[PDB]
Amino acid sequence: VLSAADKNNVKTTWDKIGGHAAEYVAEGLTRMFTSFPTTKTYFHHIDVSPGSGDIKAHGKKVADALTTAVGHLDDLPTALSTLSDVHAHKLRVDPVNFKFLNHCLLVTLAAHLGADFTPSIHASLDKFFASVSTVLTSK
């Protein structure tokens, strides 16, 4: 459950990251594939090698959906309805994979955001990503 403070930390950090988000997310994907190779299984159909254009392209789709989540913090189940379909009905993704990805995302932000990645910013983002996870694994 995000507080009102958590929501402001999430909105403020997401707007500052801005146009970099797709970059940060590709790097998150690359970190997940390399630290948890088992997750490559779900991506057998694309080139998952480090700087691939499939990864940038997928990084962008994921960034965009997270931007949408940031715009609808008060009703994520409705904004992310369609992504729930994809992740819980069509792909049947093990939720352990979301922990992997969330952690690789925070790892990336901790590296790029420097001093703006405070313990409070960090705590709020972690609750945000867990909340997106719970919805995407849904039904």
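A residue's number is simply how far along the shown sequence it sits, counting from 1.
When the mean C-alpha temperature factors of 27-35 and 77-85 are read from the deposited coordinates, 77-85 comes out higher. Stretches compared: 45-53, 97-105. Higher mean C-alpha B-factor in the entry: 45-53. Between the residues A123, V10, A115, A130, the entry's highest C-alpha temperature factor is the one at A115. Among all modelled residues in this chain, the alpha-carbon of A111 has a temperature factor (C-alpha) in the middle third.
Among the modelled residues of the chain, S3 sits in the middle third by CA temperature factor in this PDB entry.
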